[PDB]
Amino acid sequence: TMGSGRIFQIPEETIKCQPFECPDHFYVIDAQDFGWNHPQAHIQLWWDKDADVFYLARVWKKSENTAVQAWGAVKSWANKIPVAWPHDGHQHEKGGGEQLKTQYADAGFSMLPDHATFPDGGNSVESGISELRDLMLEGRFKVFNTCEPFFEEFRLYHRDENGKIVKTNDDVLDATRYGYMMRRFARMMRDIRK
């Protein structure tokens, strides 16, 4: 049921924090996981580069919404923030990552030019999960207590009987991971418009 075990064996309360207003010197980045039948997710991550601490500050998750509807639901916080997004092509062909990113850009999101990668061009999920777990354990990854869809997924994220990530209920998790991977594109809060 939880396979060979949960991926993040960390008490939720250790990574949960009270919401606060973003300081001018924090960096801000958004991320998107695409989805129609599956939920899509749009998240916002704050990065204190001085303390090197990450805050998952905003989360929106919803099935069967268009890009126009997503923008209407999150534009209050998503406006002008660069957006990381997945998909180097293949999902039984047709318009995957790049065509969907266009629909989202047209809807008003500041979509980043390229799909989410680490600095070296890689996109390993395993690598992202390891780095995120380290941050959690070191007290350097926090989630606002108002971002409940993160915790819902966090609780269920597990590996199958052979040790592979079971890729379900992981839209907010994926988005969070994309924002983290692309953190070099995060913009300083005071330079946004402030």
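Note that residue numbering follows the sequence shown and begins at 1.
Of the two segments examined, 165 to 173 and 59 to 67, it is 59 to 67 that shows the higher average Cα temperature factor in the deposited entry.
Across the two stretches, 92 to 100 and 118 to 126, the PDB entry reports the greater mean Cα temperature factor for 92 to 100.
Sorting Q44, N37, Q32, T146 by the CA temperature factor given in the entry leaves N37 at the top. Remark: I15 belongs to the middle third of its chain, ranked by C-alpha B-factor as recorded.
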